[PDB]
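Colleague: This structure is in structure tokens; I'll ask about it shortly.
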Ligand SMILES: Nc1nc2c(ncn2[C@@H]2O[C@H](COP(=O)(O)OP(=O)(O)OP(=O)(O)O)[C@@H](O)[C@H]2O)c(=O)[nH]1
Ligand SMILES: Nc1nc2c(ncn2[C@@H]2O[C@H](COP(=O)(O)OP(=O)(O)OP(=O)(O)O)[C@@H](O)[C@H]2O)c(=O)[nH]1
Ligand SMILES: Nc1nc2c(ncn2[C@@H]2O[C@H](COP(=O)(O)OP(=O)(O)O)[C@@H](O)[C@H]2O)c(=O)[nH]1
Ligand SMILES: Nc1nc2c(ncn2[C@@H]2O[C@H](COP(=O)(O)OP(=O)(O)O)[C@@H](O)[C@H]2O)c(=O)[nH]1
């Protein structure tokens, strides 16, 4: 009677989804065959025998979803919730949002309805999508619009793999990023900036894995998502609902872009040579280096901090350590928020995925922070946008699909108004 | 709830550090594997199983620190606190203080903060560094400045391996000595002159080791440091804190250059043929020959004497013997200090490192004396400096790294003012 | 006689309620399955004040639980001492208020208040003499504050003759969990000033300080602080539950304390609390009990009374002692701390001595002080609220569910009037 | 009746306090676990003067410990007779004063004096008749001198009616440990002249001479000298603790001694002390006790009284003796040493005879002499101070923590006024 719905759309979305479902099936021990030797948040029981996950896997390139249909989990998912298109989106938002998506939105909504009617306490959706890609942008925006007009009150959370500042892997990805924001600016309540530069830096410094590959990346992301959902799934002293998030961390309903962080991420050989006191772990939490997104939170002021611990936690001493971190004179909040940190505790210690590089440690802080530093990303990103749209580079590969031309500028202006907020709300009163 | 932080920077610093940590792990019996079969001063417990030392090992030449990463203690230290650069400092202060150190100071300060937050009664840092070298000078000065601007009240002690008067092992080492002083003149409260000539003379006369090698040298230095820290670590009749040192032995906050001495340092075959009465051991303490630095303390007047005994000690009779040494008409104090000697006792007898040439004897006096003789060293050293800077020898290998040229003269004048103090404070009133 | 219904709301209130119920069961000597396992007869002659005779010779507590999410249900059931609560009283929702007051007071809780009122009417119609209600709920949690204050308005427009007490755990100002707390805090303090008679604030800061310096614990677990508040809750009325040389009740408190129809916010204090390592040394007598009771940091409210005074201070002793010694110590402590007790009320301290100490002690002291110090607490929460409001921080989450800003404006006005009242009484002298 | 709180500060004061407490326990017949193991009843009728009845039939000493470093804590705990002290009284800091007076009197000790005063108020509010305080602390140690004099100012502005005694161990001038000693010494002697009634100086030089020539020991251990001072400390008031043919107290001392509100610096002396090899020969009678008591090098102050005189000299005897013999010997010794006793005060010697000797002796003699000889000691410490000050040696360590040189100037002025007072009284004759 308390469940979610996890939509994985796009390439990076579905890869992180594969990894995350690995994790979920492992910590509940739900064997990859689909039979178990609390799970109503994700897996639903089919009356007898096996379980089926609550997740639709929308994608149009049958490559990765086909590999999943033949991977280790070929018998887990339902043979229908894995939708495969016919062609690709090709990075141009117009394609995956006007021509192709116009055909698959119907099937996706039918599936979503058939899942939501089989639940009794749905709380919030959890979409996953990249932005640089075509499908992860176009199809993501389309679904968000349709679900928002169809469901209404429910809260939607996203996990956007934004473009890194310097390291890049596409070229038109600024374009179909901006548009993806001009939709995601409305139909979603929390957008967590999961970047790819900061995570590779992290795996190069903390876990000492010298040559990090996408598998380790997605593993870490799955870890964060499970540490978020532990409140609903497992027991805990201080439960937090996925719905009190829209209340705590979204001050002005337009500014809802939050960056995450995780600790402790250590390999064994230095893990033994370390105690990881709650003070130490939460002091590594606020450290600017290991912020999951590429930013220096020093550059601005924080606005909210949802810190969830899992494992053995001595509460009043956590309170003491949080106070000490409030004394740390480099992290300062805006004037209008004195109630600084919101916390949560859960008893379930971190569950380690076998073979993964991460070591099994008793306590773990996952911190979702809404700050003002994140703003600069948008700013910097618009820069790229500017240097293209001024010369109409690649625009015709968008106007080909019937998408109106000028919309870009419109969207751009909208995103410019974001700064009308950010560098504004950080002003004292 | 009473601990320190030991920074080992540079080559000679890290060699003496290797030896000293050998000693510390041995007298607490902390096995080199890192598991013990009182240590909160140095080793911290990692919640269960093993211990990790409180020491960062800054260096830029990966040779010696790499040998440590493969030495007998490869499993002791934390796999992170051993920082290795990419290139060398090459004896020119400008390099290790302007170009390279600008990159490693950040990582060192992050490590230092992560260690100091995991303690409850920090008292004083203990840096170790040579001066002739590049890194042991540049990086040492840089860290001292950063910690002084970052921590404030805490007391810093150094162990500088100054250039010997006659026996030398580098050529530009006067230059990057003077500058290292013009920084160390401020951000550090006690600088103990540990020379290399006097120690080799000692091993040639007392321990009768005919061909002394750097290992025995560092062993002796480790002995002195442990005899200093015995007050915090082990029990004792008359405990002394590492903070009452800035009160006793630093009269005028600029003149804080003290020379040490140790007794008894005997080999076995003459050890048996000797009783080593407390009078005898403390009479060998003030003997000018075995002063750890190269000076003849007769040449001037003493200003303070911190004498710490360890082992079986009969207090009032120690008082009697100290009185007798005050009658010794060749050691005289300046007018303005009648309260001559400050003492301390500890019960823990000297702990012998197995295999070392030193014999296990019951009592031991370590004496840190602030005198006026030490002054001449600076004087003599400036001589060398003069004979180079007048012809701008090697100066361009400094101006290459962007360090301003004239600073030398400035620093020189500053150090000249030292004599404005020394040969002055020794004047009666 | 003088039955009392227990009401819980929100997850904090529910944990505290489970703890209080297991402590009461282990005092009256009731095993977790619901039978008697003591030795005396006192523990059974007054069983009806809390429990009910359950068909078959069992005993079930007269407590009701509520929460907009069903996790707390299975939490308290699986937890120790869960088999007692009857399967009817568990009224629960699915949506969850989710830390948004308007949700748990206008949108969803407004859907369940009908049923909760029906069950409370079925449990209050079956009693003969109803001495009043007592509540336990956090004033930060959406479910807690919303459900609680709505239920309070309902029952206090229902039963005006009886009393309404709330073991409310206000947000600890410094050590603060959530950042949307001041809005819930103020929207609940505007309602509790209307329809409540005794509101004893408890803050986690004082509890951590106590479990961190007096008991010399090491890892203060939420279960432990809950247990401390449970002990205080028992001691409050245990002078009623058992005979005593100077008996008491809830209404003698309600009259001997609040000099003005709204100045009804109390501080609690338990004694004696001491570590285990020091347990074997000090003595269990009324001198040390007094020296330990009146301490500033012995209480459960982060308000050093030396920043104010006491309008009134009741002390419910438990155990067996020569009353003359108690009264002499009271007289001496008042004439020693003459400043801390406001002058225009004479002999403002009250005592009440019972006859049976708790399980495992010889003496015990509950100290209930209606002071003019917590006005400072309300003041600083008002500061938080203002700095969060005049920028309309997080305001739309409340505006959406139908509540209008006029409620917030008038509620902050009412809070300021409350604190001005406190100060205006601390000022006037005669 | 007439309770006495023991206060200790600094590591020297703490060692002396542990020694004194184990000696008192082994006199009253109290095993290290805190029960009675004597035979008589005297040792229990007057138990309340020092100890408290600890809950459960135990006994705990009414002593408080303090130090800015936590080494002394575990030292005294692991040491013999540590289980007695209650775990509350251990108030301690982490930073450590580190032999710098301004630290332990303005910077850090100023952070703990509040708590130490709270615990002293909790231990002085629970007594009925408080005869006064006694302190033990070194006047060289930063923690010792600083914490002590600050606590003294606090309590003497708190309890003016009661007395304040300090078993202070001044720096032995010649045999000197630390070289920043005169600064602490003078900054403490300026405070003790303000808010103290009996300050008995003890120097390690005299103790070494005694343990080195009278007892004929071989390796004088700090434990041993501490034990000697402990014996003297017991004998001081053991005439109060037990019945006696001519009883005494602390205030009869305070009145029969100090003729001027500041001339309150005493020398102590114990008798009889003799080696073990010579133990079997000499007799334990008041003749030899007198010949051994008045010796110059029998005292605990490196001041040969033959360089001065006595304003007054009390002698507290212990054991059982014909008082007439004691008084005749007193008369004879005064009329034999007529010069050493100042003339303008007649019969300046006082006696007080108790009834129970210590453990292991038949007679015992404490000799408390307010003389005009220790002015010489203060004079020479002033010499040290001046030669260390007019060059501002080590001055910046004090200047940094906020203290200004005006304090040092006026304090040396006050010390010089004290010694001038002593000499001006030794001079005037009538
Ligand atoms: N964190 C993370 N990012 C991924 C992963 N796989 C792909 N990405 C990112 O996806 C972004 C490219 O956009 P995609 O969504 O992959 O493109 P697409 O889904 O194929 O859209 P179409 O190909 O047109 O159908 C790049 O930034 C990738 O780094 C992954 O496993 N983990
Ligand atoms: N007492 C002692 N001195 C040493 C030891 N090892 C090196 N030294 C001295 O170090 C001084 C040379 O300066 P170094 O610090 O070694 O030079 P460096 O650290 O390599 O600086 P860069 O090479 O430029 O990075 C010489 O005087 C050495 O005698 C040792 O083990 N014990
Ligand atoms: N003293 C104490 N306070 C708690 C405990 N659990 C939660 N709280 C507080 O309860 C507050 C949140 O209210 P909550 O009941 O979780 O939200 P609700 O579901 O809307 O009622 C927070 O301030 C928690 O810190 C506990 O076990 N002990
Ligand atoms: N007679 C005696 N004197 C001691 C003993 N221990 C320390 N002292 C003196 O105590 C003086 C130092 O004061 P100390 O307490 O160590 O410094 P503090 O921590 O600031 O109080 C020195 O003169 C020591 O010689 C002891 O055991 N017996």
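Note that Cβ sites are derived from N, Cα and C of the backbone, with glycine treated the same way.
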Colleague: C:69, C:138, C:142, C:143, C:144, C:204, C:226 show up in Swiss-Prot as binding GTP; which entry in C:11, C:280, C:291 does that record put in the same site?
Modeller: C:11
Colleague: According to DSSP, collapsed to three classes, what secondary structure does residue C:142 (GTP binding site) have?
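Modeller: DSSP assigns residue C:142 (GTP binding site) to helix.
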Colleague: So which one is it: of the binding-site residues C:11, C:138, C:204, C:226, which has the fewest other Cβ atoms within 10 Å?
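Modeller: So among C:11, C:138, C:204, C:226, the binding-site residues given, the one with the fewest Cβ atoms within 10 Å is C:226.
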Colleague: Rank the binding-site residues C:142, C:144 by how many other Cβ atoms lie within 10 Å of each Cβ and give me the one with the fewest.
Modeller: C:142
Colleague: According to DSSP, collapsed to three classes, what secondary structure does residue C:11 (GTP binding site) have?
Modeller: helix
Colleague: List which of the binding-site residues C:11, C:69, C:138, C:142, C:204, C:226 have a Cβ under 8 Å from any Cβ of chain A, in sequence order, or say none.
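Modeller: The binding-site residues close to chain A are C:11, C:69, C:142, C:204.
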Colleague: Based on DSSP, name the secondary structure state of residue C:69 (GTP binding site): helix, strand or coil.
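Modeller: For residue C:69 (GTP binding site) - judged by DSSP and reduced to three states - the answer is coil.
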Colleague: Fewest other Cβ atoms within 10 Å: which of the binding-site residues C:69, C:143 wins that one? Let me know.
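Modeller: Selected from the binding-site residues C:69, C:143 on minimum Cβ neighbours within 10 Å: C:69.
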Colleague: Based on the record's binding annotation for GTP (C:11, C:69, C:138, C:142, C:143, C:144, C:204, C:226), what whole-number value in Å is the widest Cα to Cα distance?
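Modeller: Farthest Cα pair among residues binding GTP: 24 Å.
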